[PDB]
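# Tertiary structure, described
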Amino acid sequence: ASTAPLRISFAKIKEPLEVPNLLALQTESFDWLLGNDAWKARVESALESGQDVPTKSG
Amino acid sequence: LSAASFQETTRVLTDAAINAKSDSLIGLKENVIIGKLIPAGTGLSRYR
Amino acid sequence: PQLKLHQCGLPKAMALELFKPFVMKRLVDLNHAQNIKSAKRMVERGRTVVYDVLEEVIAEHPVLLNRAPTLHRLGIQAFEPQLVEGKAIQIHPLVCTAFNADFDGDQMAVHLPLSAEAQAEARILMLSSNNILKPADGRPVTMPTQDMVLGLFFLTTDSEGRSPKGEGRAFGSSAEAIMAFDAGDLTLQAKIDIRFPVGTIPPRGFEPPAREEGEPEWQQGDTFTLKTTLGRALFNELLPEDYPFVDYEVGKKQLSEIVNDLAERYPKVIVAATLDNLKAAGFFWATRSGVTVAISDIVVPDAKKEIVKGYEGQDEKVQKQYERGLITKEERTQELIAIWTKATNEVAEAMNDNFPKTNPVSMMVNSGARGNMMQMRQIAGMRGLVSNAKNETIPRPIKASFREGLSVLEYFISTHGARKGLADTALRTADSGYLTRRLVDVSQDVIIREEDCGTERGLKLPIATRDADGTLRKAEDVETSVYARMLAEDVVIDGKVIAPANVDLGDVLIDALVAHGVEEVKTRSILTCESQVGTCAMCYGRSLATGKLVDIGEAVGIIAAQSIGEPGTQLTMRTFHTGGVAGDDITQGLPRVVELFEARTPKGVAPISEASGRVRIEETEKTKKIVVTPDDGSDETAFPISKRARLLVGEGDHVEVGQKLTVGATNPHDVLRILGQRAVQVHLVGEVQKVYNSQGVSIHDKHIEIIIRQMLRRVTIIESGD
Amino acid sequence: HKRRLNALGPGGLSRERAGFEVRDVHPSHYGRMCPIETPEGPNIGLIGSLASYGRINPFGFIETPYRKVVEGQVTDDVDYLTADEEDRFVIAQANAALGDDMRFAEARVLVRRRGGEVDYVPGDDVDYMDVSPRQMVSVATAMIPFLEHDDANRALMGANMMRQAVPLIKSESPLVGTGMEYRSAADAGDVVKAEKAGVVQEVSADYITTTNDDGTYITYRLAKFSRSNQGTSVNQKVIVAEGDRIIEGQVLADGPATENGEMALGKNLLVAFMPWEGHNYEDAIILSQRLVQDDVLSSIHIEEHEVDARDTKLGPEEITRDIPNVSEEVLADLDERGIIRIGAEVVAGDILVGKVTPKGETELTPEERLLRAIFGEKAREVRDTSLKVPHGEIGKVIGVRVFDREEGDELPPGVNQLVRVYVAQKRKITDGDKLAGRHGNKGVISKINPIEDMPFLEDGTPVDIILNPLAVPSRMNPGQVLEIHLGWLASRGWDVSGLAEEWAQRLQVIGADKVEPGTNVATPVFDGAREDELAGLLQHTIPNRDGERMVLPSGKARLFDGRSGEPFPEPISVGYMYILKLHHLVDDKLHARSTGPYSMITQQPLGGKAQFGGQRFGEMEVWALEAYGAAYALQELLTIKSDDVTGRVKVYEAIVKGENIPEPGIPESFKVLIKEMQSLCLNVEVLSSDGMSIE
Amino acid sequence: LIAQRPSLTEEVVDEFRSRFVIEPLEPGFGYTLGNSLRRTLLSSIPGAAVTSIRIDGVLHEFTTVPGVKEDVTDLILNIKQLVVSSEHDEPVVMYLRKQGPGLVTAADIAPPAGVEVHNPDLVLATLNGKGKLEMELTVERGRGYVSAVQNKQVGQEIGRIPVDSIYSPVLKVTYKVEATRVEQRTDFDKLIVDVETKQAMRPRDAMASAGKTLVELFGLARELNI
Amino acid sequence: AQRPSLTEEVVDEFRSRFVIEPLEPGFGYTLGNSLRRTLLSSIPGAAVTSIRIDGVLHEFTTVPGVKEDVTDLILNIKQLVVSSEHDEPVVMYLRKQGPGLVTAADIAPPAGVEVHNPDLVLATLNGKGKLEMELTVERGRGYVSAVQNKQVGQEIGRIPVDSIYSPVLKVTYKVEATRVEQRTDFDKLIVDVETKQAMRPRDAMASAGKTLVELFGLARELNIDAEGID
Ligand SMILES: [Mg+2]
Ligand SMILES: [Zn+2]
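Residues numbered from 1 in each chain as written, not as in the entry; some residues may be left out. Chains lettered and ligands numbered in written order. Part of a larger assembly, values for the part shown. Heavy atoms only, no water.

- Taking the PDB entry as the reference, chain E is identified by name as DNA-directed RNA polymerase subunit alpha belonging to Streptomyces coelicolor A3(2).

- For chain B, the name recorded in the PDB entry is DNA-directed RNA polymerase subunit beta', with Streptomyces coelicolor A3(2) as its organism.

## Details of the overall build of chain B
- Broken down by element type, chain B carries three helices and zero strands.
- Written out in order from the N terminus, the α and β elements of chain B read α-α-α.
- C-alpha atoms of chain B, sized along the principal axes, occupy 40 × 20 × 10 Å.
- In chain B, buried positions account for 31% of the 48 residues.
- For chain B, the accessible surface area stands at approximately 2,900 Å², while carbon and sulfur atoms represent 57% of it. (Helix = DSSP H or I, 4+ residues; strand = E, 2+ residues; numbered from the N terminus. Buried < 20%, exposed > 50% of the residue type's maximum accessible area, 1.4 Å probe, protein only. Areas by Shrake-Rupley, 256 points an atom, 1.4 Å probe, with all protein chains shown as cover.)

## With respect to the coordination of the zinc ion (ligand 2)
Residue and element names in this part refer to chain C.
- The coordination sphere of the zinc ion (ligand 2) contains the protein donors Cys453 (SG), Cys529 (SG), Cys536 (SG) and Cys539 (SG), at a distance range of 2.3 Å.
- Each of the four donor atoms around the zinc ion (ligand 2) contributes to a set of angles spanning 107 to 112°, which defines the coordination as tetrahedral.
- Between consecutive donor residues of the zinc ion (ligand 2), the sequence gaps follow C-x75-C-x6-C-x2-C. (Donors = N, O, S within 2.8 Å, 3.2 Å for Na, K, Ca; no water. Tetrahedral: all angles 85-135°; square planar, octahedral: opposite > 155°, others 65-115°.)

## Observations concerning the arrangement of the chains
- Considering every one of the eight pairs of chains in contact, the largest contact total is recorded for chains C and D.
- Looking at chain A next to chain E, you find no contact at all, with the nearest C-alpha pair sitting 21 Å apart.
- Note that chain B does not reach chain E: the shortest distance linking a C-alpha of one to a C-alpha of the other is 49 Å. (Contact = heavy atoms within 4.5 Å.)

## Section: the interface of chain D and chain C
- On the side of chain C, 101 residues touch chain D, which itself brings 107 residues to the contact.
- Both sides of the chain D and chain C interface together cover about 9,300 Å² of buried area, and 66% of this is carbon and sulfur.
- The three residues of chain D that bury the most area against chain C are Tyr281, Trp623 and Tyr628 of chain D, which together make up 10% of that side's buried surface.
- Counting across the interface, chain D meets chain C through four salt bridges.
- The salt bridge involving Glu312 of chain C is made with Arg108 of chain D; its shortest N-O contact spans 2.4 Å.
- The residue makeup of the side of chain D that touches chain C, split by class, is 57 nonpolar, 23 polar and 27 charged. (Buried area = accessible area lost by both parts, 1.4 Å probe. Salt bridge = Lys/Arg side-chain N within 4 Å of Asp/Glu carboxyl O. Nonpolar A, V, L, I, M, F, W, Y, C, P; charged D, E, K, R; others polar.)

## Some points on the sheet that holds strand β16 (residues 613–617) of chain C
Residue and element names in this part refer to chain C.
- Pairing is antiparallel in the open sheet, where four strands are placed in the order β18-β17-β16-β19. Each having just a single partner strand, β18 (637–640) and β19 (653–655) make up the two edges of the open sheet. Recorded for the sheet is a direction-independent mean angle of 30° between the axes of neighbouring strands.
- Bridge count for strand β17 (residues 625–630) against β18 is four bridges, and the pairing is antiparallel. Paired with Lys625 across the bridge in β18 is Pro640. (Pairing = 2+ DSSP bridges. Axes fitted to C-alpha atoms, helices over the stretch in contact; angles between N-to-C directions.)

## Remarks on the interface of chain C and chain F
- On the side of chain F, 18 residues touch chain C, which itself brings 16 residues to the contact.
- When the two sides are added together, the surface that chain C and chain F hide from each other amounts to roughly 1,400 Å², 55% of it contributed by carbon and sulfur.
- The three residues of chain C that bury the most area against chain F are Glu176, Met179 and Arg195 of chain C, which together make up 39% of that side's buried surface.
- Run the count over chain C and chain F and you get four salt bridges.
- Where chain C packs against chain F, one counts seven residue pairs in polar contact.
- Looking at the side of chain C that touches chain F, the elements that each hand over two or more residues are β5 (170–171), α7 (174–183) and β6 (191–196) of chain C. (Polar contact = N/O pair within 3.5 Å; in protein donor to acceptor, adjacent residues only side chain to side chain.)

## Brief notes about the pairing of strand β3 (residues 76–83) of chain C
Residues and elements named next belong to chain C.
- Of all eight residues that make up β3, seven are buried, and the element is covered over most of its length.
- For strand β1 (residues 7–10) and β3, the ladder comprises four bridges, and the chain directions are parallel. Bridge pairing in β3 places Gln7 opposite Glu80.
- The sheet contact formed by strand β2 (residues 63–66) and β3 spans four bridges and is antiparallel. Considered in β3, the bridge of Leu65 is made with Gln77.

The structure is reproduced here in structure tokens:
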């Protein structure tokens, strides 16, 4: 975020997409397994944006 | 002994049993199986 | 780097553990303890007197150091142990090639012989000072290398691009020369006239230009004067006093020659001392060489820009002519591969031209320390075409060196070959291990049991072939083939004995015989050896490891197997790209070696004519055929051949008894059948040496001949009821 | 470890079954699987690692983002595509030149087209573009600065070995690094973060109490010197003081190998590239004794020694301080309950936990019973099974834990008590350890010089480490020199504001023109510092003494010989490089044996270090000793040193008493072999020429 | 030939930084002598440092003291960089006591008679509102560097924590060699040894100790022979 | 801590080995280079700064009646050892006639100057000797290259030569570790020094010790401090 320490960067072009969560691949999958509230939030959010989502928990 | 040690232990041992063929101590490998001075280097009977 | 050649520093706890019972015995005998159990207790407690007693006891107990993959006998070596602190084993810098041990986290195992006989053999046979020559080819293996050679190269290099000072001056000694060097008014590499005192042996080349005088000057043993350089005068103080002066850049290959001469001429102790002196001097002068890699020292040639731009324009033209539809995609590819191979080689030669010879990287490469020119091409000028997926060639190359910086797609394309090479090495280690296991099992028990069989037979080896313009030149592979093989009988060309019988066949005899004009020589060999008890020492020759005559009881078979197995990992011969070719490309590399050694029929087999005859084609659309009918009232023969045959023999032509018909790999069985046994021996040895010396690996032909002798020891019998 | 895409396992490939086309990077791996990060052993190509932008689809396929290039003008509309939908589109590169208007500038726009076929197109033809120029790379390989200046072999090795880095007591984020340490450390789980905004209240070393803006309180408890799976420490250090306004996600404490929420796996050392008296020969390393005094490359390692009190047939085992028949000093450091006291320092042979067997049926035969009855003293028959420090370990007892059956603590059936004692030790860098950088430039430590012996710059500062320049071009990783130059450049900050030069113009439009000394710099793995910029900046490096700029624009500085004092003939290349201390520790590897645990079937020394095992003298070594002609040595070490019970006993007896080592005998391996193949119904009789030869 | 005996001066630039000039030197002789001075300065000039510590309610260095933001290991990292000068051959204990909020610095220490702490701005820890610190610092004088392992000599005090002592009082020494303007065929040279030191001593005393060491070492060679 | 001691082994009359026994780590590299440079470039002696052969020119290569080239004569002369107590550029004469060999025993030394190697052969004369040469001895220390000394300018026959004033011709040092009471970082210093016929090696060692003792007493006198010793 904006609170990260100072580091001077030489980047000459701006990436419009930031790196997603580096542990989403596991936590999201296991949320789908248990089908807990985070997975339901993800499901409804994806449906609102018209994505492809697993509607049935594990 | 050397042939069994190298490869095809089943086939080699079966053929050796059928032939009733004995193994004389002479050799390198078959003298390290029994744990004896090899017939080479300083282990030769001349140097022994 | 402060160790003598026969010294190893081993950690304190390790030495304490290995030598425990001796330490307890010495502690009890020295009255430090009243009983053995108390000695054990104190040793476990790690007292100081225990440490002093360990220092007392480790002396005169040779210790066998070893590395995990033991590819040859110089992979377990005996050292004299000296007690050292730390937690790592200290090893000599130049025994790293015998072990292949680089200091990148490698590990060394260590063993302690116990019996008097065991340690006596360790010190006499296995000591690191004795093991200086490799058994594979006889070239020295424990010789300076890497920074050491980069240091002796700096010492004895020229003054080019080194802004000399005090050039042309004359000095009455080298002490005065180093005085001037310290003063800053002389360079180590500046042409100066130095006087050398009584005892110094001048250069062999410079002697005939000895000083003109009425009196007979004792060039061997008189003071003289030489237009040398200070660095060379310093270098020649490392070599023994009797050694002739050296007046040339001793980079890597000349140092190998000098070390070989020292080993073959001087006794082992002085050779070890000379190696130690060379080590010390090489390190000392490598520190001051000034070789330091920096981003500016990697010089991208200015040629690369324009060359890559023009060839890029040609690539653009070819792509336009493809998209316009005149050519195919395959034609476009092949054209672009040709264009970019041209560009890559042009940039490589320009890059080689650009940098000075005083550059750091140039120094370490040209000195033969570490590096090649393709590596420098990739780092500085251009990386070039790389092996695409499924072993193809990317049309577009990597038009950028690592200094310039590879792009994203360039890096993604470049990782293909890296992964492939890593996997290839991983598999080839085990492949070579299996090959060495088979070679050892075959060749084992071929032991020198006879001092001399009284044979007079031998091989007719080409001694000095290559009469290109009627000039007798030593053959290009006398080192592997004819060297070290003794002589069957005296050779006479002018009515006098040039080389006596059964004498070691060294280079001096080679120069004599090539000068006098012979083109063959009859050498004793195991293949032609006729002894009641196995092989004999005289026919085998001289042991390439010990230099002297082969001793009776030498396990020559294991040595030959290890010699052929060592380079197996580093062959690395296989098709870079598929190239749309199958069958024609016979197996290359270690697959080829196993193919020859197993007697398996070559993959790209080609028939070989049974007898001299008239050969024609009876090609049929259903099945192509090549038919040879021999003259002399013989029966006809035929060979079924594929449509893609690239025949090397024309129709209705005169073939001979032992000639091929189509392009391929002749069967060893055929060469044994129609030609004979000497022919199959020659063919097999030549065919294995073909790949081995295409890589640059050098194995003496004796080590192959051992396996070939074992492969032809049996005969299939027929008409046997009698 | 949590981003791997493993293949070797149930329902998948195997080590030997896998051929080549699975072990080779595919054109579809771009953006989904990392080409560079991979094991350097049998598992090449099998075990991989998800790319930085990978997203696992519902069906299990990986997807990568791409900006929708709509009629040739770029847009922020990112679509995630999988390899099969990727092979129907033309994909540009994130670094493709682009103007103020998002329309493409140059006519030729390189594109990665179907089938791994790069082939330029007009631009309007283009349909998608990479979202980032490090989309292809993974996280660990994205750590490496100047990756494009390394061959993939050494980048692979460097990424592999960066994971073995020990965490250090004091950790500093790299002076020159990628823009990736912060997010990598934050998205891991060792950095204590803030759940919600608020203000810090109480900051001890052990906890951080914060008063939330919603009216609640949170007390984050921090781990202090907790052992890890691999024996390191997970000490945590606070980053905030007791007045700081927090926000959700902000870092309050840093885990091991972290500084201010930024990864710190090693330390910045001053390095000069040069040979040095044959001590950094063949990739070895030389470093100053400063790093031992200052504890720059020191670490803390914790070892647990768990013991259990059983209940045998003859009674129950108890953890009693009164060990049978021992001197008073050995248990002087033992608690009343028998366990060692916390804080005590331990050496090999120290009783960590005192335990006693209920009794031993050793000598209770009628003879011994009569002897004891006549004696009147029932001699204790208890076995001393006291837990002891394994030989070769030292440290201070950092903790004790006791589980018991009498209390509510669960235990497995049979054990009454379980004592787990944690002993901690501090490791200083010594000769034998292994250092490395982020470019596969690894080497053991050969010598530690006194600070005066080491070469020093003009104003007097010595260099920290000496690295051979031979390795850089031969190993073909000329990115460590760029890292060195930029590290020196960052340590001695620059001021290039308003120079009207191309490199200066780029650096001031970006915003890196002025940089104070000591500032940390970010080198993106494909958008990093240019070579020209590094050179130009080197000319404008803030001076120290007057205008002193030890480093010339050539990247090189003039050094002095600390052992003679004379200046070195030519300039040397010096600067700051991040050196990692790898978990390959010299202490563990040192393995030795004289006698010890043999095996059951074959009476041979056992393997493994913890067993005090022996060294496998393979058959290749037998070939070597046969080639030497060393007959007696091979016989001695195939029989006396292993697999000859009588020989094994008598050699030790002869040496301790002092006598000739006895002649070898028949290996027990041969005996078991003949018995085995006899059980296979083969009349294998060891025959003499006059009859049956001695077994 | 030239009868100019060497002469030494002293320039002063800062309170602990001094350049010492030796003009009448033979050519190519400034470097070796200046580096001998640098080596002996950076190696073997005596000073003093904290040999050991002992905090109340702390048995080892891998723990925490309540209320203190730093671990005992961080505390020792701060303690070992204490510039303290002693005058006692035997070790002399030195007490630090602090209560309540506040950055406990080195100035808070109560050195005995004959001991001094020369950096009062060294921040040793930062206590909490409920943090108390009671430390027993042993100071000792030696030369060079001694590891915490070698400082360990007793065990009956389970609470002590031997630390590493950086005895050396000098910080960094460089030098230079310029050309004397004197017109001579040999072109004599001018050595300029630049010494910077920790606050325990001035550069003059460090230079004097280095000179005494070297004079004794070379008088060994001179007097012993004939 | 430990008291290093100096011992000497004499291999011959021209060179000797000096061993400095246990000293502290890193002190070997403080003693070594300093002793080398002091022994080499501080002890005073006399050397021939220039030579004028009768009827010769600087560019004129050889000398009539003398087989040796001018360069060989220069080398033979700069090998010459001389001791001058006059503190001035004295001039020493050599007269020879007839054929034979002209040694340094035939020099004509003024009262106070002396040539210590009389058997050195300066040149060989064929036919008529007529070798009359005057050479300018001088006093100094170190090694001075033959920069233009205006010796040709004053008279053409007088040419400049390199001057080895230093009595010690060469010396090398090495530092090797020694096992001293369970410690293994203590060093011992080996200095092998050769010297011309002027003085013994031990005298040169003593002179270098004196020079260094004064050179560092300079620093010791900045203040009476007490690092400590023995
Ligand atoms: Mg290695
Ligand atoms: Zn024979």
